[PDB]
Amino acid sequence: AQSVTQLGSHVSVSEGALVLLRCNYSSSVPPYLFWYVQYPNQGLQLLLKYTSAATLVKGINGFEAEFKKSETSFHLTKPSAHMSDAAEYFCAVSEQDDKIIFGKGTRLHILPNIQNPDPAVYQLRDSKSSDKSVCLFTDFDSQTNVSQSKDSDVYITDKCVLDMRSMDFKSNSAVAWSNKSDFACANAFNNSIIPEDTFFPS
């Protein structure tokens, strides 16, 4: 009879904005409630828990959650979204006096604040001998998304954000490649809506 519900498998937040991850439970009697984080590649870490006691609970790094019986809620918040907050988050509940049951998880995607975008498609060459190449779509802001290719011999990856700590510099990129003789980087992203000012060098 008891369960826990997280809303949205994947959610976005702007870099710097309030973080809000929602959890609701279905137990008649208030349960104990838990929020775990799983940073990429790693196991589960407890952030905070409601174990009757205080209604407003505090975790590391600004995380908090308020138990609200009247709306059967235990939403996780943090005041400001940082790129390091990218992870999967799991709400969990006590059940049958003998276990913890886990929600399905929500992955938090943080959209970097790119104030000076410089969208571009570049061609890169194999370091070992090669008429072998890939195309790199890079430096676009977070209004651009990348579409899967229309052609079964062209491969296109999801966008990914890197953070060059050396220069305090973040950027988006997606990669495209093909074995085809007629594959040109000018055409690699034709199935995506790209910025009108994308740079296409010679």
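Heads up: residue numbers just count along the shown sequence, starting at 1. We call the rigid core the largest set of C-alpha positions that still match within 1.5 Å between the two forms.
For 106-114 versus 125-133, the mean Cα distance to the shown form in 8 other deposited structures of this protein after rigid core alignment is larger for 125-133. Looking at 47-55 and 147-155 together, the entry lists the larger mean B-factor for 147-155, computed on C-alpha atoms. Higher average CA B factor: 122-130, of the stretches 94-102 and 122-130. Ranking 193, 21, 186, 17 by Cα temperature factor from the entry places 186 first.
The PDB entry assigns the greatest CA B-factor among 115, 73, 84, 80 to 115.
In the PDB entry, a CA B factor belonging to the lowest third of its chain's modelled residues is recorded for residue 139. Residue 33: CA B factor lies in the lowest third for its chain, per the PDB record. Ranked by C-alpha B-factor against the other modelled residues of its chain, residue 65 falls in the middle third. Residue 5: CA B factor lies in the middle third for its chain, per the PDB record. For residue 160, the recorded CA temperature factor ranks within the middle third of the chain's modelled residues.
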